[PDB]
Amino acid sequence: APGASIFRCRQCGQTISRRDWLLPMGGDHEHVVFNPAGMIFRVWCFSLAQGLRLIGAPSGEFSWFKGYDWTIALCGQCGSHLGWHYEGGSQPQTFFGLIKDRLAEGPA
């Protein structure tokens, strides 16, 4: 009966990812970053996610992860901005950078 196993959208409960899918990018699953509007984000990297909607075409501008292009990842249900999808890199080719405090962690 684990209580930490899955991540849901904090705003609506949409199923998004699992603890098992945490990815230590550059040796840490957590990355503390800011965007050009100076917003600070505690980003958890996941190899896999579901229930998102990826919007727009990938951009390399201001990428926090060298060699990766990002798209905005919204909650596919409620439209909450949950993070970004990263692609175009190597090892891994793709992953998700999700904003920790926008997810709720709990049992399956």
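Note that residue numbering follows the sequence shown and begins at 1.
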Fill in the blank from the handout: As the entry reports it, the stretch among 40 to 48 and 56 to 64 with higher mean C-alpha B factor is 56 to 64
Exercise for the section: Take the C-alpha B-factors listed in the entry for 31 to 39 and for 75 to 83, compute each mean, and give the stretch with the larger one. Expected result: 31 to 39
Problem - Among modelled residues of the same chain, the CA temperature factor third for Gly88 - result: middle
Problem - Among modelled residues of the same chain, the CA temperature factor third for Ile6 - result: middle
